[PDB]
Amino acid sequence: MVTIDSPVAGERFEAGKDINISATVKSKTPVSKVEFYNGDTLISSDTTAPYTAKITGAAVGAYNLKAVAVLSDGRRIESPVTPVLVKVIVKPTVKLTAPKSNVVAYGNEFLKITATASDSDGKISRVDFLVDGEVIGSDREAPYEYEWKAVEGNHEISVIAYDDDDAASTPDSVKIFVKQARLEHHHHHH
């Protein structure tokens, strides 16, 4: 059989970048060459393992990639189509809605982090929640929320959204201070 190893079906690329194509051949007969196609159009052919091709500066649109091994006895075997997409990529945006920088929090108490996320061209796949740069949880469904067991001291809470192209937003962050659990005092309210 002949397999296209990369890219994988359904992969999305950015307009103007390159698509590099790799094929593996399994056959009892030695391979003369592997031809690489986009639809019916020959990209290029490769007489040597590893079998590679490259579409340089790919324009937007669908690419229907196939590899064909030409074997030493004249036979041809072919991969299935690997269909990929080249598009304009537009990163999502994220906004941290809680906590605020002046949050009153204590060590060991759970503190709810919340965010909104938007993608202008596509959709949000998930929001990741981070504390001092470390992912503590993800939420795949709006509303975006995570309950963090608070850790005493100064911490930076951030969120990063990921879209359906796996493009990440820039992070949105807040700096907070978490008090020692022993310093929780009465505070009047109504």
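The first residue of the sequence shown is number 1, and the count goes up from there.
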Mean temperature factor over C-alpha atoms, higher-scoring stretch between 119-127 and 30-38: 119-127
Greater mean Cα temperature factor according to the PDB record, 179-187 or 4-12: 179-187
Options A142, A53, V151, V70 - largest CA temperature factor per the record: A142
Third of chain Cα B-factors occupied by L85: lowest
Third of the chain's Cα B-factor distribution that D132 belongs to, per the entry: lowest
Relative C-alpha B-factor of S169, binned into the chain's lowest, middle or highest third: lowest
Chain third (lowest, middle, highest) by recorded CA B-factor, residue given as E147: middle
Within-chain third of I19 by Cα B-factor, per the entry: lowest
